[PDB]
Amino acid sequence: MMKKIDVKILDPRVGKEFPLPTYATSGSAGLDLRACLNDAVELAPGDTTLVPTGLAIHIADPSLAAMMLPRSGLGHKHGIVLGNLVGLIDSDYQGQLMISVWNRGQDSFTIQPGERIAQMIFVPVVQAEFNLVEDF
């Protein structure tokens, strides 16, 4: 299913020094995001850091949200995951996408400028209207 999402580029390097995110295959559910850094960031085990993506999106439709997940190989093989585990991006959020990266493993790891470090999917969300009942 395709839905149009507005995106604004916040850093000159995006699209130039490294590309805008794209779905690898037609059956891909997540987009990879890349670290828009100036210099490489070394993470010792336990450290977390905030990495800019140089992008800002505006989903604008209230039935849709985006989730940021770890990448499997990096999570499982290298211990490089998200400090907030899963990031949730609301339809009305329009600031920069920032990635909390946490080193949950036992070896230092250096994030390279432009490396793909997390992935994003867009899911339908429903807003609950609570019906108070004293018992179900």
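Sequential numbering from 1, following the sequence displayed.
Q: Can you tell me whether 46-54 has a higher mean C-alpha B factor than 25-33 in this record, or the other way round?
A: Higher of the two, by average CA B-factor, is 25-33.
Q: Comparing 105-113 with 73-81, where is the mean C-alpha B-factor higher?
A: Looking at the record's C-alpha B-factors, the answer is 105-113.
Q: Among the modelled residues of this chain, does the Cα B factor of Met68 put it in the lowest, middle or highest third?
A: It belongs to the lowest third of the chain when residues are ordered by C-alpha B-factor.
Q: Relative to the other modelled residues in the chain, which third contains the C-alpha temperature factor of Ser100: lowest, middle or highest?
A: Its C-alpha B-factor, which the entry lists for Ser100, ranks in the lowest third among residues of this chain.
Q: What third of its chain, lowest, middle or highest, does the C-alpha temperature factor of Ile89 fall into?
A: Lowest third, going by the recorded CA B-factors of the chain.
Q: In terms of the CA temperature factor given in the entry, to which third of its chain does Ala40 belong: lowest, middle or highest?
A: Its C-alpha B-factor belongs to the highest third of this chain's values.
Q: Should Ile9 be placed in the lowest, middle or highest third of its chain by the C-alpha B factor in the entry?
A: As the PDB entry reports it, the C-alpha B-factor of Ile9 lands in the middle third of its chain.
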